[PDB]
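Enquirer: So here's structure_22.txt, just compact mmCIF, C-alpha atoms and all ligand atoms:
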# COMPACT_ATOMS: atom_id res chain seq x y z
CA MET A 1 224.48 134.46 184.94
CA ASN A 2 226.46 131.61 183.55
CA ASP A 3 228.71 134.51 182.57
CA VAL A 4 229.65 135.41 186.16
CA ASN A 5 230.36 131.78 187.08
CA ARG A 6 232.34 131.41 183.84
CA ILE A 7 234.55 134.36 184.85
CA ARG A 8 235.05 133.23 188.45
CA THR A 9 235.90 129.72 187.25
CA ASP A 10 238.51 131.10 184.84
CA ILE A 11 240.23 133.22 187.52
CA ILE A 12 240.56 130.25 189.88
CA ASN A 13 241.85 128.06 187.03
CA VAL A 14 244.42 130.77 186.20
CA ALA A 15 245.55 131.10 189.83
CA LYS A 16 245.88 127.33 190.21
CA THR A 17 247.65 126.82 186.87
CA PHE A 18 250.20 129.63 187.34
CA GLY A 19 250.94 129.20 191.05
CA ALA A 20 249.29 132.33 192.43
CA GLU A 21 248.26 132.45 196.06
CA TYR A 22 244.49 132.83 196.19
CA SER A 23 241.52 132.75 198.55
CA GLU A 24 238.22 131.21 197.52
CA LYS A 25 236.55 133.09 200.39
CA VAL A 26 237.86 136.43 199.12
CA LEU A 27 236.90 135.51 195.54
CA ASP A 28 233.41 134.57 196.74
CA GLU A 29 233.00 137.89 198.58
CA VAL A 30 234.26 139.95 195.63
CA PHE A 31 232.08 138.16 193.07
CA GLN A 32 228.97 138.42 195.25
CA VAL A 33 229.29 142.20 195.02
CA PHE A 34 230.99 142.89 191.67
CA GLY A 35 230.26 139.74 189.66
CA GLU A 36 227.85 141.32 187.20
CA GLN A 37 230.16 144.30 186.71
CA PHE A 38 232.81 141.88 185.44
CA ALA A 39 230.42 140.31 182.94
CA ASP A 40 228.99 143.60 181.67
CA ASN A 41 232.13 145.75 181.36
CA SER A 42 235.63 145.86 179.98
CA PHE A 43 237.41 143.26 182.06
CA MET A 44 240.94 141.89 182.20
CA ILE A 45 242.78 139.13 184.04
CA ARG A 46 246.39 139.98 184.83
CA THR A 47 249.42 137.98 185.89
CA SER A 48 252.75 139.51 186.83
CA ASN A 49 256.41 138.82 187.46
CA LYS A 50 256.85 140.28 190.94
CA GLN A 51 258.45 137.15 192.35
CA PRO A 52 260.76 135.03 190.16
CA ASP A 53 259.03 131.63 190.52
CA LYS A 54 255.31 132.36 190.86
CA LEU A 55 252.96 134.74 189.10
CA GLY A 56 250.56 136.84 191.07
CA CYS A 57 247.06 137.12 189.66
CA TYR A 58 244.76 140.14 189.56
CA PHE A 59 241.51 141.00 187.84
CA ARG A 60 240.03 144.39 187.08
CA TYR A 61 237.19 146.10 185.29
CA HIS A 62 236.65 149.52 183.77
CA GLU A 63 233.26 151.26 183.77
CA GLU A 64 232.45 153.98 181.24
CA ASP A 65 228.64 154.08 181.36
CA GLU A 66 227.90 157.56 182.72
CA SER A 67 224.94 156.34 184.81
CA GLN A 68 227.22 153.93 186.71
CA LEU A 69 230.09 156.29 187.59
CA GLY A 70 230.59 156.46 191.34
CA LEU A 71 228.83 153.14 191.99
CA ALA A 72 232.07 151.13 192.20
CA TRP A 73 233.33 153.20 195.14
CA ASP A 74 229.90 153.30 196.78
CA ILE A 75 229.42 149.55 196.27
CA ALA A 76 232.91 148.81 197.63
CA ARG A 77 232.29 150.86 200.78
CA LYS A 78 228.75 149.71 201.60
CA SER A 79 229.67 146.04 201.11
CA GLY A 80 232.74 146.31 203.32
CA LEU A 81 235.15 145.27 200.57
CA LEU A 82 236.74 148.70 201.14
CA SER A 83 236.80 150.17 204.64
CA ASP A 84 238.41 153.55 205.16
CA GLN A 85 240.91 153.41 208.00
CA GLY A 86 241.79 157.11 208.01
CA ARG A 87 244.78 156.42 205.74
CA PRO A 88 245.94 159.40 203.63
CA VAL A 89 244.80 157.31 200.70
CA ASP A 90 241.24 156.93 202.03
CA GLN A 91 240.27 160.53 201.26
CA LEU A 92 241.51 160.73 197.67
CA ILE A 93 238.58 159.29 195.70
CA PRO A 94 236.08 161.80 197.20
CA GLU A 95 238.53 164.68 196.69
CA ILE A 96 239.08 163.62 193.06
CA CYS A 97 235.33 163.44 192.32
CA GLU A 98 234.75 166.90 193.85
CA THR A 99 237.61 168.42 191.80
CA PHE A 100 237.54 166.92 188.29
CA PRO A 101 234.86 165.66 185.91
CA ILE A 102 235.19 161.87 185.80
CA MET A 103 234.56 159.90 182.62
CA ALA A 104 235.45 156.39 183.77
CA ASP A 105 236.32 154.47 186.90
CA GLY A 106 237.51 150.98 187.69
CA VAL A 107 238.51 148.54 190.38
CA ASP A 108 241.49 146.18 190.64
CA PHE A 109 241.34 142.99 192.69
CA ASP A 110 244.02 140.71 194.08
CA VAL A 111 242.95 137.06 194.03
CA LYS A 112 244.40 136.59 197.53
CA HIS A 113 243.77 139.91 199.27
CA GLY A 114 240.73 141.26 197.40
CA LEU A 115 240.00 144.85 196.44
CA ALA A 116 243.33 146.53 195.77
CA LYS A 117 242.89 149.72 193.78
CA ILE A 118 240.32 152.15 192.39
CA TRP A 119 240.97 154.18 189.20
CA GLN A 120 239.36 157.46 188.16
CA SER A 121 239.75 158.77 184.59
CA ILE A 122 239.32 162.51 184.08
CA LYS A 123 237.09 163.79 181.29
CA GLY A 124 239.96 165.41 179.38
CA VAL A 125 243.56 166.00 180.43
CA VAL A 126 244.57 168.64 182.96
CA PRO A 127 247.96 170.20 183.77
CA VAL A 128 249.29 167.97 186.54
CA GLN A 129 249.68 170.99 188.86
CA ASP A 130 245.87 171.20 188.93
CA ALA A 131 246.07 168.04 191.07
CA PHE A 132 248.47 169.51 193.64
CA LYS A 133 245.58 170.69 195.82
CA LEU A 134 244.59 167.05 196.41
CA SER A 135 245.92 165.16 199.44
CA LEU A 136 248.52 163.44 197.24
CA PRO A 137 251.93 162.26 198.47
CA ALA A 138 254.12 165.32 198.98
CA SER A 139 256.49 163.71 196.45
CA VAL A 140 254.08 164.69 193.66
CA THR A 141 254.54 168.41 194.32
CA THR A 142 258.28 168.16 195.01
CA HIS A 143 258.73 166.57 191.55
CA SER A 144 256.73 169.28 189.72
CA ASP A 145 259.91 170.46 187.98
CA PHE A 146 260.89 166.93 186.96
CA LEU A 147 257.39 166.24 185.64
CA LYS A 148 257.60 169.39 183.50
CA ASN A 149 261.10 168.60 182.23
CA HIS A 150 260.06 165.12 181.02
CA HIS A 151 256.62 166.19 179.70
CA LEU A 152 254.79 164.05 182.26
CA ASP A 153 252.45 166.95 182.99
CA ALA A 154 249.27 166.18 181.01
CA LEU A 155 247.39 164.24 183.68
CA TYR A 156 244.36 162.15 182.81
CA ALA A 157 243.85 159.38 185.40
CA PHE A 158 244.46 158.42 189.04
CA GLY A 159 245.05 154.96 190.48
CA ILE A 160 244.55 154.76 194.25
CA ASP A 161 246.26 151.68 195.78
CA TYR A 162 244.73 150.80 199.15
CA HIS A 163 247.00 147.81 199.81
CA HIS A 164 250.19 149.87 199.47
CA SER A 165 249.02 153.45 200.26
CA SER A 166 250.32 154.68 196.93
CA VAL A 167 248.93 156.68 194.02
CA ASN A 168 249.58 156.15 190.30
CA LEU A 169 249.35 159.16 188.00
CA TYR A 170 248.71 158.44 184.31
CA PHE A 171 250.03 160.91 181.74
CA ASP A 172 249.11 161.65 178.15
CA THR A 173 252.11 161.19 175.83
CA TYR A 174 251.61 164.44 173.91
CA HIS A 175 255.17 165.45 173.05
CA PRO A 176 257.30 164.49 169.99
CA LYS A 177 259.92 163.14 172.45
CA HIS A 178 257.42 160.48 173.59
CA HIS A 179 257.87 158.82 170.17
CA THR A 180 261.66 158.43 170.53
CA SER A 181 263.51 155.61 172.25
CA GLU A 182 266.06 158.07 173.68
CA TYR A 183 263.34 159.71 175.75
CA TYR A 184 262.52 156.49 177.64
CA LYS A 185 266.18 155.56 178.07
CA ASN A 186 266.94 159.04 179.42
CA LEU A 187 263.87 159.02 181.68
CA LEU A 188 264.90 155.76 183.36
CA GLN A 189 268.52 156.94 183.67
CA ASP A 190 267.46 160.22 185.32
CA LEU A 191 265.36 158.26 187.83
CA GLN A 192 268.31 155.92 188.55
CA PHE A 193 265.99 153.08 187.58
CA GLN A 194 266.89 149.73 186.00
CA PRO A 195 267.86 150.23 182.33
CA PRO A 196 265.50 148.79 179.69
CA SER A 197 266.50 146.33 177.01
CA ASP A 198 266.99 147.63 173.49
CA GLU A 199 264.04 145.47 172.38
CA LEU A 200 261.74 147.27 174.82
CA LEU A 201 263.11 150.70 173.87
CA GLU A 202 262.12 150.14 170.24
CA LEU A 203 258.62 149.02 171.25
CA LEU A 204 258.20 152.03 173.50
CA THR A 205 258.34 154.40 170.51
CA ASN A 206 254.72 153.31 169.89
CA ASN A 207 254.28 155.58 172.99
CA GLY A 208 251.56 153.63 174.85
CA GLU A 209 250.65 154.84 178.35
CA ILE A 210 252.95 156.00 181.16
CA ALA A 211 252.18 155.91 184.87
CA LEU A 212 254.31 157.06 187.80
CA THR A 213 253.85 155.76 191.35
CA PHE A 214 254.12 157.98 194.43
CA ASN A 215 253.98 156.69 198.01
CA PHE A 216 253.09 158.48 201.23
CA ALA A 217 256.04 156.74 202.92
CA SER A 218 258.76 157.97 200.54
CA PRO A 219 260.10 161.28 199.22
CA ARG A 220 261.09 159.50 195.97
CA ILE A 221 259.18 158.47 192.90
CA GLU A 222 258.72 154.78 193.70
CA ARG A 223 258.07 153.21 190.33
CA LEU A 224 257.07 153.88 186.80
CA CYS A 225 255.18 151.74 184.31
CA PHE A 226 254.94 151.64 180.51
CA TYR A 227 251.87 150.02 178.91
CA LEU A 228 251.47 148.75 175.33
CA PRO A 229 248.48 147.05 173.65
CA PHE A 230 248.83 143.99 171.43
CA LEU A 231 246.09 142.83 169.10
CA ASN A 232 246.57 139.09 169.66
CA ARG A 233 248.77 136.43 171.22
CA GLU A 234 250.98 136.36 168.12
CA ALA A 235 251.77 140.10 168.30
CA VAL A 236 253.22 139.89 171.82
CA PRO A 237 257.03 140.22 172.07
CA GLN A 238 257.69 136.79 173.54
CA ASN A 239 261.46 137.34 173.99
CA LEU A 240 260.60 139.82 176.76
CA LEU A 241 258.62 137.20 178.71
CA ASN A 242 259.87 134.54 181.12
CA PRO A 243 258.56 130.98 180.56
CA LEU A 244 255.55 131.36 182.89
CA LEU A 245 254.41 134.59 181.23
CA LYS A 246 254.85 132.98 177.80
CA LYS A 247 252.58 130.15 178.92
CA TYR A 248 250.08 132.77 180.12
CA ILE A 249 250.03 134.44 176.69
CA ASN A 250 249.21 131.09 175.09
CA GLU A 251 246.71 129.85 177.69
CA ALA A 252 245.03 132.88 179.28
CA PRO A 253 241.25 132.39 179.27
CA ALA A 254 239.02 134.71 177.28
CA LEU A 255 235.65 134.74 175.57
CA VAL A 256 237.15 135.20 172.09
CA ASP A 257 239.34 132.79 170.15
CA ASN A 258 242.36 135.13 169.93
CA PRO A 259 242.30 137.86 172.59
CA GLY A 260 244.44 140.92 172.65
CA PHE A 261 246.73 141.74 175.55
CA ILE A 262 248.03 144.76 177.40
CA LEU A 263 251.55 144.32 178.73
CA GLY A 264 253.01 146.59 181.39
CA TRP A 265 256.70 146.99 182.22
CA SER A 266 257.23 148.29 185.73
CA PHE A 267 260.61 149.89 186.55
CA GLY A 268 262.08 150.74 189.93
CA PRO A 269 265.42 151.64 191.51
CA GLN A 270 268.46 149.95 189.98
CA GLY A 271 269.11 146.86 192.05
CA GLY A 272 265.86 147.38 193.99
CA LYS A 273 262.29 146.04 194.04
CA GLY A 274 259.98 147.45 191.37
CA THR A 275 261.07 146.06 187.95
CA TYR A 276 258.81 143.30 186.54
CA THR A 277 256.23 142.55 183.84
CA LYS A 278 252.42 142.59 183.86
CA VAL A 279 250.31 140.74 181.25
CA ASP A 280 246.56 141.47 180.95
CA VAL A 281 244.29 139.36 178.72
CA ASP A 282 241.41 141.21 177.02
CA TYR A 283 238.84 138.78 178.39
CA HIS A 284 235.83 139.97 176.40
CA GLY A 285 237.71 141.12 173.30
CA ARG A 286 236.50 144.73 173.54
CA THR A 287 239.22 146.47 175.56
CA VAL A 288 242.26 146.36 173.24
CA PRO A 289 240.49 147.04 169.86
CA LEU A 290 239.68 150.41 171.43
MG MG B 1 229.43 149.54 181.79
MG MG B 2 249.49 157.29 174.93
Reformat the file's structure so that it appears as structure tokens.
Expert:
Amino acid sequence: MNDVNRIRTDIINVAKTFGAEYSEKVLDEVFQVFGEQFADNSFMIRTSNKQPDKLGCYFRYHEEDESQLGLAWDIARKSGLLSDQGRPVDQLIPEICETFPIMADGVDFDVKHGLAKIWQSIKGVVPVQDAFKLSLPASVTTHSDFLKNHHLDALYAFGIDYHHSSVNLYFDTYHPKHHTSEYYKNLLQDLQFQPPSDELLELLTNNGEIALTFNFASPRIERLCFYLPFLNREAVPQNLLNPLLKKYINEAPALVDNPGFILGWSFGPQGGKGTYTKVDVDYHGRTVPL
């Protein structure tokens, strides 16, 4: 309705204000197909820190209505927003749906390049080894011992990245160690990843979500990400945010007066590529309170 145009307008305004590359033609094509899904579902607009002087911009939605599960992938394929090119990643969503009961799915979009990722949430958690029969990067299986040792073995969701041919695995933080700062410090050390600030370590004892990234091109775990919810702009730890991300916290568009946020901290190899911050506004006001 007005609601879809409202959302599309806000994304463009975000991209223009914060210096993100964007394509109106790609935004037009995405919204023609998924516009109503954005208005009717949990929906977030994300900016991130991947390059020092400009924020990238992404938008994503999460579908939990049982009757609609599977439609995102079917819609994406039939419309041509997602073509399978025989990539090892192109077979994973059908394998996942044939293997596990799915309780939610979602799609991530890049404002420049379009459909980027599809998520599938399992109905329950499974031992991660139950997933080893999927056509996942071989690095998932070869880290089975590491995943056990760090209690990253209660799997509940997959993220399938079609732009980068990578897979994110999301793990339930079930263990008493997941409530200690030492666990996160030790986890990043063991991975030889960039060390976290003491401020972040203290926040991470709230546990949040953890995701690990595996790529078909690499024998190594590529990246990991910690996610924490925040009930409003004032709750966000602003000392952890560069000036552009601080401006985003104070100006991100939403349909409530004081939206919540989900921040993600991505970590990669020490002195390498994958350490940066993601900030997602709870556009409708319904995502974070849950
Ligand atoms: Mg829905
Ligand atoms: Mg958790």
Enquirer: Hey, which of A:104, A:45, A:152, A:201 ends up closest to residue 127 of chain A? Count only C-alpha atoms.
Expert: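 Ranking A:104, A:45, A:152, A:201 by distance to residue 127 of chain A, first place goes to A:152.
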Enquirer: Return as a tab-separated table the residues of chain A lying at most 9 Å from ligand MG 1 (chain B), together with the closest atom-to-atom pair for each and the distance in Å to one decimal, counting only C-alpha atoms and all ligand atoms, with rows in chain order and ascending residue number.
Expert:
residue	atom	partner	partner_atom	distance
A:37	CA	B:MG1	MG	7.2
A:40	CA	B:MG1	MG	6.0
A:41	CA	B:MG1	MG	4.7
A:42	CA	B:MG1	MG	7.4
A:62	CA	B:MG1	MG	7.5
A:63	CA	B:MG1	MG	4.6
A:64	CA	B:MG1	MG	5.4
A:65	CA	B:MG1	MG	4.6
A:66	CA	B:MG1	MG	8.2
A:67	CA	B:MG1	MG	8.7
A:68	CA	B:MG1	MG	7.0
A:69	CA	B:MG1	MG	8.9
Enquirer: Check every protein, DNA and RNA residue against ligand MG 2 (chain B), keep those with an atom at most 7 Å away (counting all atoms listed in the file), and present them as a ChimeraX atom specification.
Expert: /A:172-173,207-209
Enquirer: For a quick check of understanding, using only C-alpha atoms, which of A:162, A:248, A:193, A:214 has the smallest distance to residue 142 of chain A?
Expert: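 So, comparing all the options, the nearest one is A:214.
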Enquirer: Have a look at atom CA of residue 82 of chain A and atom CA of residue 117 of chain A and let me know their distance in Å, one decimal.
Expert: 9.6 Å
Enquirer: Calculated over all atoms listed in the file, which of the candidates A:106, A:210, A:25, A:78 has the smallest distance to residue 153 of chain A?
Expert: A:210
Enquirer: For residue 132 of chain A, which residue out of A:282, A:96, A:120, A:230 is the nearest one, using all atoms listed in the file?
Expert: A:96
Enquirer: Nearest residue to residue 90 of chain A out of A:165, A:189, A:266, A:218, using all atoms listed in the file?
Expert: A:165
Enquirer: Between A:222, A:29, A:280, A:105, which has the minimum distance to residue 140 of chain A (counting all atoms listed in the file)?
Expert: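 Comparing A:222, A:29, A:280, A:105 against residue 140 of chain A, the winner is A:222.
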Enquirer: Can you tell me which residues surround segment 2-9 of chain A at a distance of at most 6 Å, considering only C-alpha atoms, apart from same-chain residues fewer than 3 positions away, and format the answer as a ChimeraX atom specification?
Expert: /A:12,35,39
Enquirer: Just how far from atom CA of residue 74 of chain A is atom CA of residue 91 of chain A, in Å to one decimal?
Expert: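 If I compute the distance from atom CA of residue 91 of chain A to atom CA of residue 74 of chain A, I get 13.4 Å.
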Enquirer: Report, in Å to a single decimal, how far apart atom CA of residue 115 of chain A and atom CA of residue 164 of chain A are.
Expert: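 One can read the atom CA of residue 164 of chain A to atom CA of residue 115 of chain A distance as 11.8 Å.
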